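First up is the structure itself, then whatever we jot down about it.
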Amino acid sequence: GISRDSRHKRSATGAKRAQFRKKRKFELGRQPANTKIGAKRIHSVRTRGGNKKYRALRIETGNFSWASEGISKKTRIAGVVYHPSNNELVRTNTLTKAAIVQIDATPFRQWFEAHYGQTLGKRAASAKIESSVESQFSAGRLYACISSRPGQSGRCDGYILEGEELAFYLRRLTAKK
Amino acid sequence: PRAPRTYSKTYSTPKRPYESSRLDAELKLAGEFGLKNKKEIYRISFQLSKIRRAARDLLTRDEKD
Amino acid sequence: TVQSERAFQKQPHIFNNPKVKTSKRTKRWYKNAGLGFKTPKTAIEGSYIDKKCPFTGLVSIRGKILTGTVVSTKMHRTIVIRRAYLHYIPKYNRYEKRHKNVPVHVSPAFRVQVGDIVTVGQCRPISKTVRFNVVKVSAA
Amino acid sequence: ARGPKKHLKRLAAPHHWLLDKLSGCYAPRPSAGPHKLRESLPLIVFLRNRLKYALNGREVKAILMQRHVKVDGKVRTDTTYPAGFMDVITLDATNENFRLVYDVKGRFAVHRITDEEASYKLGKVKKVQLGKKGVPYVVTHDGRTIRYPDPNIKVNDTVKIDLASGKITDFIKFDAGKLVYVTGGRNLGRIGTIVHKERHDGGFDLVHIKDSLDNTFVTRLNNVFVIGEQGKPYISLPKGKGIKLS
Amino acid sequence: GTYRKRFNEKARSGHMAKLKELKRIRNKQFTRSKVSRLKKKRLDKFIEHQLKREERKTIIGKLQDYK
RNA sequence: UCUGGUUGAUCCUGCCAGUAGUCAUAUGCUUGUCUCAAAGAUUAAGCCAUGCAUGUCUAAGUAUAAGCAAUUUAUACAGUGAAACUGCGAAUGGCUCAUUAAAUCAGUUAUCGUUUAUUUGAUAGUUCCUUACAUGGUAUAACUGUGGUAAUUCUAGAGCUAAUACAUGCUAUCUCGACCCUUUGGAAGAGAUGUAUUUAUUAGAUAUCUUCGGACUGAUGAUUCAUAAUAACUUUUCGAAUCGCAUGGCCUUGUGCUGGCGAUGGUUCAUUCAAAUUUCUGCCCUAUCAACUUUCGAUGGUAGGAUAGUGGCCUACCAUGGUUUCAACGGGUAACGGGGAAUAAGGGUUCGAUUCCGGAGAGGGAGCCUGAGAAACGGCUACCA
RNA sequence: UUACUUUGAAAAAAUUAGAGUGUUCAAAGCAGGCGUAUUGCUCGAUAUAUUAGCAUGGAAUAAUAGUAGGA
Numbered sequence: 002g003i004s005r006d007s008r009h010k011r012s013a014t015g016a017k018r019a020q021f022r023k024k025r026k027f028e029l030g031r032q033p034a035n036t037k038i039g040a041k042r043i044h045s046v047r048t049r050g051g052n053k054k055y056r057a058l059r060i061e062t063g064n065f066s067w068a069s070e071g072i073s074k075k076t077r078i079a080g081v082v083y084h085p086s087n088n089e090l091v092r093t094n095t096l097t098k099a100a101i102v103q104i105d106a107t108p109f110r111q112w113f114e115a116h117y118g119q120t121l122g123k146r147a148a149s150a151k152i153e154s155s156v157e158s159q160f161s162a163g164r165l166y167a168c169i170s171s172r173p174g175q176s177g178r179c180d181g182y183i184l185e186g187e188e189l190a191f192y193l194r195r196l197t198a199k200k
Numbered sequence: 002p003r004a005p006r007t008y009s010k011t012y013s014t015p016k017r018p019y020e021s022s023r024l025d026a027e028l029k030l031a032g033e034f035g036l037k038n039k040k041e042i043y044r045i046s047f048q049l050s051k052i053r054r055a056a057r058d059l060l061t062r063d064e065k066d
Numbered sequence: 006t007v008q009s010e011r012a013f014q015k016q017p018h019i020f021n022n023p024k025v026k027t028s029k030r031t032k033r034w035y036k037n038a039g040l041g042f043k044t045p046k047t048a049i050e051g052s053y054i055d056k057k058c059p060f061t062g063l064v065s066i067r068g069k070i071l072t073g074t075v076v077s078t079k080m081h082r083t084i085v086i087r088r089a090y091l092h093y094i095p096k097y098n099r100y101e102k103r104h105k106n107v108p109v110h111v112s113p114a115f116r117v118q119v120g121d122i123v124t125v126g127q128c129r130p131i132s133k134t135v136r137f138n139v140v141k142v143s144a145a
Numbered sequence: 002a003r004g005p006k007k008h009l010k011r012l013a014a015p016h017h018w019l020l021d022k023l024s025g026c027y028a029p030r031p032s033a034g035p036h037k038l039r040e041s042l043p044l045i046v047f048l049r050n051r052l053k054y055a056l057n058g059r060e061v062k063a064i065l066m067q068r069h070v071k072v073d074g075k076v077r078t079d080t081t082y083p084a085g086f087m088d089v090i091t092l093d094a095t096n097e098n099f100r101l102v103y104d105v106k107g108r109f110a111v112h113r114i115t116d117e118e119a120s121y122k123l124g125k126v127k128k129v130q131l132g133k134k135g136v137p138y139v140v141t142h143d144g145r146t147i148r149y150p151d152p153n154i155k156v157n158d159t160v161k162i163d164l165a166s167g168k169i170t171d172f173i174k175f176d177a178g179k180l181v182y183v184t185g186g187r188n189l190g191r192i193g194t195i196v197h198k199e200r201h202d203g204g205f206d207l208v209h210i211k212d213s214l215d216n217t218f219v220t221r222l223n224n225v226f227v228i229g230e231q232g233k234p235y236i237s238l239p240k241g242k243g244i245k246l247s
Numbered sequence: 002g003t004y005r006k007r008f009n010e011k012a013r014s015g016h017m018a019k020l021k022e023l024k025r026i027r028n029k030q031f032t033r087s088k089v090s091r092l093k094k095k096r097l098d099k100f101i102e103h104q105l106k107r108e109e110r111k112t113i114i115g116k117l118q119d120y121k
């Protein structure tokens, strides 16, 4: 089905190129893995060389890193909120790169309690965090940008949205609601 | 899928093949030297033509080139 | 403005620590494209984000280098130049004029106007027709 | 083709093998190895067409499976192994060592070699790099990876390698005034001292060489190969010492 | 040549399909049997001559009433 | 490219006569020797009876053949070896030029934009961490037997038994060093310690005394490169339950400890044989073909998907762009491209399916499995003929 | 500054043009032979931008850039 040659497109001048060969194997494409949220389910695809490549069909958990603290914790992904390519992906809960998902916040706030001796909500300069991040902690979900390619590696790894990106995507969410 | 052996034509018919002076020339040569063929006389004349053409070009080139 | 798109434009893997307070509120990454091309201070102290700017993006300049005369500047961040050359017809023992319109990317760190002489360097395929990148602009 | 070729026609072969164009259609395609395809001498070409120690490929098999041939200290048994340039090929029953090195006419050249000279081998350090666990290595012109080199070894510098331990004995820098062998291109086999490295950026650095009759030519850095200092080649050159004449 | 007359179009079934599609997409710029043709032309001329005959006769009728 | 003819003779314009070759294409007659050599053509890349053209074993993966040799050291096996499992190859070679006119191709570049079986060189002690390693477990083939069918390299049910099949899995070394007494150092104590996948972060910068003996990171023209470190993550990898010849060193005389040559394998990195993209410039006839491309991706931007990877390659959301009288687009080609072949004084012109190189195809659309490598056709599937 | 010119590297073999050699001649084909071989001796093995790219030398031609004001 899918192939990705450049012999079936129009020319640069706007001409129609006649066919040159049959489709080749080294210009194949494969069917997208619309990775949704559910119990973990992952295919393995054999790729050029003998190289394995894991596709994710449904994945629940993920590894999310707090960049300002430089740490990483495994959390549970709740649901996709924003995605800059397709609000149909937002609707159907597809997990891709550059998606904006809400995650659980309990391991992050547990690490924060055990590391700074202070709860969240309701070494002080180190304990001080940002206001929107504190609001999300009080809410119970954290905004995090996915930065992995779950149709390729089968992992959903992201980073918690820090100040400037959080401001931009908060404006985006509030304007698009 | 071999390499081609090279062959080459060893003689060459002259420009005007029928001419009384050249016919009597080849009669003189064939009867005097015991030949049998205009093929043989054209063989020798072709060799001499090649030689004299090479010599003429080396004349026209510069001395001590 | 910088954030005029649906996604957040950024320099990838370049991170500005929020707990660390410094003077320059962003952290910008810039390189020099070699070959004696002076990187512009507008690209050093700019504010744009461009994946294909040869001084700030992930694009190398390598191999061939051309110069051209700009023809059209109507599409976003790419121009079209026109190289001219003299082809030689050995039958008629004289020449003829020809031209090839090569489309080429331009960084937002440059200001081209239709008519000047630019110098472009070959990079990896940016788009369908864009394989070069404007690296040194000169007026006329 | 849908994969790698395994055959080589007779006229497709590299010219300097001196393979005569009637004894068949195929020439020993040299197997993958240390040296590149267009500048390698298979052992069948060396033993049969050059030394005349064999009359057939079956006799070359008989010799190699008898385990007489050693190429750089180690036994080879593949008859199309790519023995390249600056190689040591020892035949023990014949008591000969051969340095493979080019002649002036552009072809390879048997060089009879004694034991004390066969014990080592030059190699053009071509890629110096930092490997895993933070160790440095050099990659010479025959694939030889040598971890832990001297810190002053750079690209394009000759390294004299002790064979029986695979180690770096010493090295020869790349400066003007060294003795330079030329390996590829039109002038290959012309041993001359290097005068000036004309250096461009992104292009190819040319090299101006001047040899003993004070004749001057230009090659590329890819074809230049440093041997030794002025008048002191580390190896023994073939006859004529690499001088092109009239 | 793209549009020749081959030997076996019944074997060149799919070949002719892709060629016809190519011709359509190419000459979209422009769009966006001879004996039978002679019989068609002479048929049109004959039926037109008969219409000329009938209209001639009714004009004769018109003028003979109008005199 | 020339010669002959008008008229008393002469010059140009004319008319006629005369002349040519062609590995050109058919064809006719003749044809003894020696050497050498080719062996397509209906614009039919139209159709095939039969036969063959791809298989493979070393001392070194698996033999209880109810195979053979007896027989002499071999009561686990040991020689040779059908069959079958396993490994590799079948992706090269051979044929043909149907398609394709900036396409293939030629010369020139790039990969700081990727995959690579093999070959070659390097490479991995992680010691401990609470409840078999003198070496775990399942099956299945071939085989024995019971059968089906008009038929094919069809195979079903039942009983065995193996692995380099398949699936599991455990087996100290550095730094500092108080002391001591001094050499030949050895020492209480303090401290550290795999790869692989994915993400986040960090580094990867470089305009005075003497006991004369001793103390006061790299590369490129250029990188987010090589490399290192931190925190976690994984339906998660690897870190040898393999094989041949020999039998030496030890001794607490245990059938205890150690040990040579070499075969297969395996993570990463480099190399080689490659592969895919890729930059400049170059194609025959056509203007009584002047506008063409964009719904159906045409030109660019951003994000994602997909791929080995770049990329409108594809999906979104966006701007309205791109080519052309320097000939775009579309048409014709009895168009595979090139090295090359013929000819003339030079210039040119005409051939090039055809011994080498490259591309494409296997009756024609389409699709895939295995594999490092195929959109394979002496592989498989569906359609048409 | 470029065009244009000079030179150099690059333009696979086979083909072509050349040099050697008594295949019995020839069309072809191929690339040493002697020695006191314990240290040497002899000859030949060259050329083929036709445009693009790369490097280089220029004194013409043809385009192409750059003195002025005030006190």
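Protein chains in written order, with PDB author numbering: chain DI, 2 to 123, 146 to 200; chain DJ, 2 to 66; chain DL, 6 to 145; chain DE, 2 to 247; chain JD, 2 to 33, 87 to 121.
Cβ atoms here follow ideal geometry from the backbone N, Cα and C, with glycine treated the same way.
Original post:
Using a Cβ cut-off of 7 Å, which residues of the stretch 182 to 204 of chain DE contact any Cβ in chain DL, in chain order?
Top reply: Within the stretch 182 to 204 of chain DE, the qualifying residues are 202 and 203.
**OP:** Look up residue 98(JD) in the DSSP assignment and say whether it is helix, strand or coil.
**Re:** helix
**OP:** Locate the beta strand (DSSP E) running through residue 137(DL), then write down its first and last residues.
**Re:** 137 to 143
Original post:
Which partner residues does residue 218(DE) have in the DSSP bridge list?
Top reply: 210(DE)
**OP:** For residue 30(DE), decide whether its Cβ has a neighbour in chain DJ, counting only Cβ atoms nearer than 8 Å.
**Re:** no
Subject >> residue 238(DE) to residue 166(DE) span [Cα, whole Å] >> reply: 24 Å
Original post:
chain DE partners of residue 2(DJ), CB-CB under 9 Å?
Top reply: Within chain DE, 10, 11, 26 and 27 have C-beta atoms less than 9 Å from the C-beta of residue 2(DJ), given in sequence order.
Original post:
In the structure shown, what three-state DSSP assignment does residue 18(DE) receive?
Top reply: helix
**OP:** Report the option in 128(DL), 134(DL), 135(DL) and 142(DL) whose CA atom is closest to the CA atom of residue 66(DL).
**Re:** Considering only alpha carbons, the answer is 128(DL).
Original post:
Per DSSP, residue 47(DI) forms a beta bridge with which residues?
Top reply: 53(DI)
Subject >> Endpoints, alpha helix (DSSP H) assigned at residue 192(DI) >> reply: 186 to 199
Original post:
By Cβ distance, which residues of its chain are closer than 8 Å to residue 94(DI), with the 5 residues on each side in sequence left out?
Top reply: 37, 38, 80 and 81
Original post:
Name the residues in the stretch 8 to 28 of chain DL whose C-beta lies less than 7 Å from a C-beta of chain DI; which are they?
Top reply: 8, 11, 12, 13, 20, 22, 23 and 24
**OP:** Rank 48(DI), 42(DI), 41(DI) and 71(DI) by C-alpha distance to the C-alpha of residue 20(DL) and give the top, closest one.
**Re:** 71(DI)
Original post:
Taking three-plus beta-carbon pairs below 8 Å as touching, is the stretch 37 to 57 of chain DE in contact with the stretch 79 to 91 of chain DE?
Top reply: yes
Original post:
Considering only residues of the same chain and omitting the five flanking positions on each side of residue 61(DJ), which have a CB-CB separation below 8 Å?
Top reply: Result list for residue 61(DJ): empty, nothing under 8 Å.
Original post:
Going by DSSP, what residues sit across from residue 67(DI) in a beta bridge?
Top reply: 72(DI)
Original post:
Between which two residues does the alpha helix (DSSP H) carrying residue 108(DI) extend?
Top reply: 107 to 117
Original post:
Of the choices 36(DL), 118(DL) and 26(DL), whose alpha-carbon is the least far from that of residue 56(DL)?
Top reply: 36(DL)
Subject >> Under 7 Å by beta carbon: chain DI residues contacting residue 134(DL) >> reply: 13
Original post:
Would you say the stretch 211 to 226 of chain DE touches the stretch 189 to 202 of chain DE, given that touching needs at least three Cβ pairs under 8 Å?
Top reply: yes
Original post:
Excluding the five sequence neighbours on either side, which residues of its own chain have a C-beta within less than 7 Å of the C-beta of residue 53(DE), listed in chain order?
Top reply: none
Subject >> Closer than 8 Å to chain DJ by CB, residue 22(DE) >> reply: Output row for residue 22(DE): interface = yes.
Original post:
At what residues does the alpha helix (DSSP H) containing residue 43(DJ) begin and finish?
Top reply: 39 to 61
**OP:** Classify residue 91(DL) as helix, strand or coil using the three-state DSSP reduction.
**Re:** strand
Original post:
Closest to residue 157(DE) by CA distance: which of 194(DE), 91(DE), 94(DE) and 224(DE) is it?
Top reply: Here the closest residue by C-alpha is 224(DE).
Original post:
Between residue 40(DL) and chain DE, is there a C-beta pair that is closer than 8 Å?
Top reply: Yes, residue 40(DL) counts as interfacial toward chain DE.
Subject >> Proximity below 8 Å, CB of residue 137(DL) to CB of residue 125(DL) >> reply: yes
Original post:
Which chain DL residues sit within Cβ distance under 8 Å of residue 186(DI)?
Top reply: 23
**OP:** Could you say which of 21(DE), 141(DE), 245(DE) and 164(DE) lies nearest to residue 192(DE) if we only look at CA atoms?
**Re:** 245(DE)
Original post:
Looking at C-alpha atoms only, which residue of 26(DL), 30(DL), 83(DL) and 130(DL) is the closest neighbour of residue 68(DL)?
Top reply: 130(DL)
**OP:** Can you tell me the Cβ-Cβ gap for residue 65(DI) and residue 167(DI), rounded? I've got them flagged as a contact below 8 Å.
**Re:** Contact annotation, residue 65(DI) with residue 167(DI): C-beta distance approximately 5 Å; criterion of less than 8 Å satisfied.
Original post:
What in chain DL is Cβ-close to residue 153(DI), meaning under 7 Å?
Top reply: 23
Original post:
Starting from residue 198(DE) and walking both ways along the beta strand (DSSP E), at which residues does that stretch end?
Top reply: 193 to 199
**OP:** Just grab the DSSP bridge partners of residue 163(DE) for me.
**Re:** 121(DE) and 168(DE)
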